[PDB]
Number of protein chains: 2
Amino acid sequence: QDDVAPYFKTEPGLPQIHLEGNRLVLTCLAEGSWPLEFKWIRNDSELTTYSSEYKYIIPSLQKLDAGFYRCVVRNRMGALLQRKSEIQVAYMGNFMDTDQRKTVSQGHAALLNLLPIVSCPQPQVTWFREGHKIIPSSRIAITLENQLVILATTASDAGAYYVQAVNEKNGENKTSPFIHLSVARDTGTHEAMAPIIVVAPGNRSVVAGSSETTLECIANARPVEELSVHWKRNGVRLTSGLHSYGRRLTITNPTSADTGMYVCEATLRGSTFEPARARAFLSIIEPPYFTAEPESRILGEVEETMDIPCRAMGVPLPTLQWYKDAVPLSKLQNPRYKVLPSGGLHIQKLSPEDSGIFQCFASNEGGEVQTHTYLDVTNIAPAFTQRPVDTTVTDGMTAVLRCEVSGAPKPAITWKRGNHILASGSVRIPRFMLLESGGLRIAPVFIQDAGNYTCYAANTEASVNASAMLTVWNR
Amino acid sequence: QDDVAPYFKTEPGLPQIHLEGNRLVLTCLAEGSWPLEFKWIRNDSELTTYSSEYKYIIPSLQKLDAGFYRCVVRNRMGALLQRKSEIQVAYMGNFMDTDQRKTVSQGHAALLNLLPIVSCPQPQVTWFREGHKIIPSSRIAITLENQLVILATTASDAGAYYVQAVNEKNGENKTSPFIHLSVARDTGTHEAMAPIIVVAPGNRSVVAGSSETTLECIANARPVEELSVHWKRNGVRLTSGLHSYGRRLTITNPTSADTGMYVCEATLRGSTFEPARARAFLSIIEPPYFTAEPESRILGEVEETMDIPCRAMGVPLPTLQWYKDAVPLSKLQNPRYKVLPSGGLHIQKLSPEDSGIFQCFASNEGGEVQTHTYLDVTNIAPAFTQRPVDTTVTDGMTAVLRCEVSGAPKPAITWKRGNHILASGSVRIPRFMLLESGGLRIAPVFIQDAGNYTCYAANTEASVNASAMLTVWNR
Ligand SMILES: *[C@@H]1O[C@H](CO)[C@@H](O[C@@H]2O[C@H](CO)[C@@H](O)[C@H](O)[C@H]2NC(C)=O)[C@H](O)[C@H]1NC(C)=O
Ligand SMILES: *[C@@H]1O[C@H](CO)[C@@H](O[C@@H]2O[C@H](CO)[C@@H](O)[C@H](O)[C@H]2NC(C)=O)[C@H](O)[C@H]1NC(C)=O
Ligand SMILES: *[C@@H]1O[C@H](CO[C@@H]2O[C@@H](C)[C@@H](O)[C@@H](O)[C@@H]2O)[C@@H](O)[C@H](O)[C@H]1NC(C)=O
Ligand SMILES: *[C@@H]1O[C@H](CO[C@@H]2O[C@@H](C)[C@@H](O)[C@@H](O)[C@@H]2O)[C@@H](O)[C@H](O)[C@H]1NC(C)=O
Ligand SMILES: *[C@@H]1O[C@H](CO)[C@@H](O)[C@H](O)[C@H]1NC(C)=O
Ligand SMILES: *[C@@H]1O[C@H](CO)[C@@H](O)[C@H](O)[C@H]1NC(C)=O
Ligand SMILES: *[C@@H]1O[C@H](CO)[C@@H](O)[C@H](O)[C@H]1NC(C)=O
Ligand SMILES: *[C@@H]1O[C@H](CO)[C@@H](O)[C@H](O)[C@H]1NC(C)=O
Ligand SMILES: *[C@@H]1O[C@H](CO)[C@@H](O)[C@H](O)[C@H]1NC(C)=O
């Protein structure tokens, strides 16, 4: 054909991470009636101008190039916007070069946080004390946030700790300065410490279909030998998916049946102490999907009212965003564009400048989907659905001549007899000659009203005339 | 820190396509008792030897360097094999440099296949005829396989066609040679043509969780205006997800409820011709998951029988392969290693050589998963559960001296009185002096049997002796 609006051949894939210093080539593959132009956008900011270059090449990736990219295609018809593509860049910074200090009273839990370091993705850490690798045991844990946890600390736990971090994507590794941990011997060598949850499980929301999800719970008590950390769901202790001395519970292939509350509980076996409990909540995000899409192309008559359907579902409920030619309707500030609460678009009076691509985006916390349509608004020249015919009407009785025309917008109809005008939209005021929808009615009719009449229906595009002779018979 | 078998901190992620000439960094991030060593494998072939370097770096990635990579971690305890990672390289070759010719009779469908070109991934195409971009219409379609299909060809459709292919990953573009198409005018301009399916929909198997899938169906008829191609499933025409003049049916978020058969049908609206039909079948692959995993560490006594659980479900049913220290049990040809049909491992008699990591892999047509355990086979020194006690027994009656021990392997028990050995595993013959399991029974007992007795239990590790006095009373 010779009048095709743009449409994409292929949409962006899943987000991806790339190494610093590598070459990146984004492509914008769309088809449509020429001349096609492409503009590139990063983070809702225009990067390039429109050109015949559908590619975008970064010869050496930096960390600042990371973000969300998307392409815009445009020809004479309209503009279409590509879905987001998430380009991440792998980097790892350096530790602040200064030692730190921390003090813990004897028996309490010692929690050493990973010293600040910017890294993408999260680095894998290996903790060290006096040159010896610290491997987790019943008394030592390494939380998911790379924090070291020493349970039931004694005087022998004092010393200088440090960590060695490795970024699993670029292989870079950095060694931190020291954290000097000191233990105060005030609590005593012999006592009993009620179980206390040091690291509680947190609420989690998982996109439906993910491989696995993990929960953690660290607790402190003394004697640590008798400390038991267990997971309850639906009032029953769980046994499957447990890791790291019962401190980690993993849901493999989580589904809607796994949502709800999980309860971490720590008890000191054989003690009169009340247990420690912490609640966590698993929910699942359903990425959006359309239940109502508009047809690909939509024809419209001017001055008409248009409704473009767009409804989408998801968990949580998706949000709809309307664009016209890659411009959000919000910034267009067109008062005639009203967005229905269902999500559909409502256009009051169609004007020729409303032609172009309309786009609907459904967004969740875990997805985004797009639909679009081409709106074609054209003018219709006036035409006669039924022309007036010659008629004979008895004196004193009413007479009606029909002159029905179709046009966009509605043609202005003017009934005139020879050189004088009898009725119009502006003028329907003399001798009870009435203009009704589609025609003229004279009531009553004298012989002085006899003669031939002409109906002039005019539009912004053209004008048309229809003649018909009326003869008045004697009473 | 000693006594900790290896285990990975992170496993490889989903496959990604990389550009030619980019830097590639694979990491083998595992923790465990030092000294740790690492080896690298590509396609069942070692790349590196064992060393203290956990990284593998390709400064300039080439097409030939594509393949499957994995690392093996090893310390004094055993060896552990990482999940394979798929390294794909984006490339785009050229077309075979020669023109081709094709002929179609006026009214038939003309199917032009994309000329041969090797490219990863599959290139997007734009079709041209005499320097004009061919845009799909009701009469012209571009298949999912980049084929151009012209329905109801006329003499005005003859000419030289060519395609321009673009690789969406690296942006390269190549232009094919010419297909000189001629249209024979034998059948005639004035006639009707029955709907005939040209491009049939293909069977599709899709891994569960994929975004979308699409069947295509292209049919030819004349007049092409009256040709309607629609999709029926379960005897009902589908209205959701129709694309490109009804020729494309797209299942969005395909789940188990979407599997089965789909039927394409093409009719000439208002004709006495029978409709044309074509069946297609959609199935869904469920990646493997474990339903039974072994414990992280398993302690075992020598000469005993061991069973290691490994079950895994999925669609299709997964295949399970076993390894011992990164060596497949099939290659080991060990007769004491029997693989259960449920997937479990069965070890007949535990020998100290059986110590080390065992690793179960579950793989299907759409995934692979890993579980492992460390088997520690040790010897247990003999220890008395109950030593012999002083006893007084009436002459003629039976008597029992109890000497029960625990050890691995089973301690050989030798019952001796003074310098003479009354009973042993080798000798249990004399005077109905019988060796009960863990004890000595004299039946009957004469006055000559009085005195104190000693029990000698010995394994390969050590030997222990225990004595007790026996006094016989007169009848
Ligand atoms: C473009 O937007 C992305 C996403 O909002 C930004 O990426 C974030 O960067 C900040 C700091 O650099 C991090 O704390 C976030 O974790 C990143 N991701 C997200 C999802 O927020 C990126 O920085 C933006 N680029 C520019 C130039 O503003
Ligand atoms: C490693 O093996 C893989 C497959 O076992 C090879 O990749 C295949 O190569 C053949 C022919 O070169 C292609 O037809 C397949 O499409 C490839 N499959 C892929 C890429 O998944 C690979 O070439 C081997 N490695 C090396 C270095 O040759
Ligand atoms: C954790 O969530 C509780 C309930 O909130 C809802 O349910 C869980 C599954 C979450 O997914 C959350 O997004 C939902 O809104 C709250 O009662 C509780 O306060 C939350 N805890 C927090 C926010 O720290
Ligand atoms: C299409 O498939 C039919 C059924 O086979 C099953 O479904 C397909 C989708 C595959 O997943 C296959 O592994 C399954 O066994 C076949 O009976 C039929 O012959 C196939 N037809 C063609 C043209 O391949
Ligand atoms: C990275 O690891 C190596 C291996 O031990 C080590 O020698 C080197 O010091 C580490 N780099 C840093 C910056 O600590
Ligand atoms: C209407 O009047 C104009 C002007 O006289 C004339 O050109 C036109 O032909 C008339 N319409 C028809 C249908 O004849
Ligand atoms: C094809 O590639 C050439 C150079 O590689 C480039 O100049 C041109 O713009 C590309 N596109 C077309 C349509 O030729
Ligand atoms: C065992 O018997 C011998 C001789 O019959 C005797 O000398 C010895 O004291 C006895 N053992 C004990 C522990 O009395
Ligand atoms: C008997 O046991 C003792 C004590 O365990 C040990 O010293 C001795 O070597 C054993 N054997 C003999 C023959 O005394």
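So the values come out like this:
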item	result
Rough spin-label spacing in nm, given labels placed 7 Å along Cα→Cβ, for A:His132 and A:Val400	10.8
Rounded FRET efficiency, nearest 0.05, which uses the C-beta distance separating A:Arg311 from A:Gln333 and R0 of 25 Å	0.55
In region A:35-138, the GluC sites (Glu not before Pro) that fall in loop regions by DSSP, at most 15 other Cβ within 10 Å	A:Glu53, A:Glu130
Enclosed volume per residue, in Å³, of the convex hull spanned by Cα atoms of region B:287-440	159
Region A:387-475 shape via C-alpha gyration tensor axes, a/c threshold 1.5	prolate
Estimated FRET transfer efficiency when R0 is 56 angstrom, pair B:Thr391-B:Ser60 (beta carbons, to 0.05)	0.05
Pairs from A:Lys55/B:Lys39; A:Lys84/B:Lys174; A:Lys39/A:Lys174; A:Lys55/B:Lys102 whose Cα-Cα separation, in the structure shown, is over 32 Å	A:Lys55/B:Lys39; A:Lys39/A:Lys174; A:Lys55/B:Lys102
Cβ-vector label at 7 Å, B:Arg475, separations to other copies in nm	16.6
Label point 7 Å beyond Cα along the C-beta direction, distances from A:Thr239 to other copies (nm, shortest first)	5.2
Chain A Cβ-axis minimum, rotational copy B, residue and distance in Å	A:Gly209, 1
Protection proxy ranking of A:10-18, A:96-104 - average other beta-carbon atoms within 10 Å, highest first	A:10-18, A:96-104
Volume in Å³ per residue [convex hull over Cα atoms, computed for chain A]	232
Zero-based 5 Å bins, Cα pair distances in region B:271-377, whole percents	2, 11, 20, 20, 14, 8, 5, 4, 3, 3, 2, 2, 2, 2, 1, 1, 0
DSSP-defined antiparallel bridges as percent of all bridges, the protein assembly as shown, nearest 5	85
D (Stokes-Einstein, µm²/s), Kirkwood Cα radius, region B:196-266, 1.002 mPa s at 20 °C	166
Sparse-neighbourhood loop sites, trypsin sites (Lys or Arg not before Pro) in region A:197-269 - DSSP loop, at most 14 other Cβ within 10 angstrom	A:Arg269
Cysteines in the protein assembly as shown lacking a second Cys C-beta under 4.7 Å	A:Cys120, B:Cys120
Nearby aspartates and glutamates by direct alpha-carbon distance to A:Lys338 (threshold 18 angstrom, same-chain neighbours under 8 apart not counted)	A:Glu293, A:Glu303, A:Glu304, A:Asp307, A:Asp325, A:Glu353, A:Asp354
Distance from region A:430-475 to region B:18-66 (C-alpha centre basis), Å	93
Potential extension, A:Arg269-A:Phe68 segment - 0.36 nm per residue separation minus Cα distance	67.2 nm
Calculated label separations, B:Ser60, copies of the chain, 7 Å along the beta-carbon direction, nm	1.6
Global form of region A:82-227, assessed from the alpha-carbon gyration tensor, a/c cut-off 1.5	oblate
Filtered chymotrypsin sites (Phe, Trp or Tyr not before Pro), region A:394-455: DSSP coil and at most 13 other beta carbons within 10 Å	A:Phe432, A:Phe446
Extension gain, A:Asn173 back to A:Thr214 (0.36 nm per residue minus Cα-Cα distance, nm)	12.2 nm
Two-site FRET efficiency, A:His190 against B:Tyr7, from Cβ-Cβ distance with R₀ of 22 Å, rounded to 0.05	0.05
Separation of the A:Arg83 and A:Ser205 label points, Cα + 7 Å toward Cβ, nm	2.0
Other protein chain Cβ atoms within 10 Å, averaged over every residue that makes up B:13-22	3
Average Cα contact separation per residue, chain B, under 8 Å, 6 or more apart, as relative contact order %	9
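We did not get these values from a lab; they are worked out from the coordinates using the rules stated. Here Cβ is always computed from backbone atoms with ideal geometry, including for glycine, and neighbour counts include all displayed protein chains.
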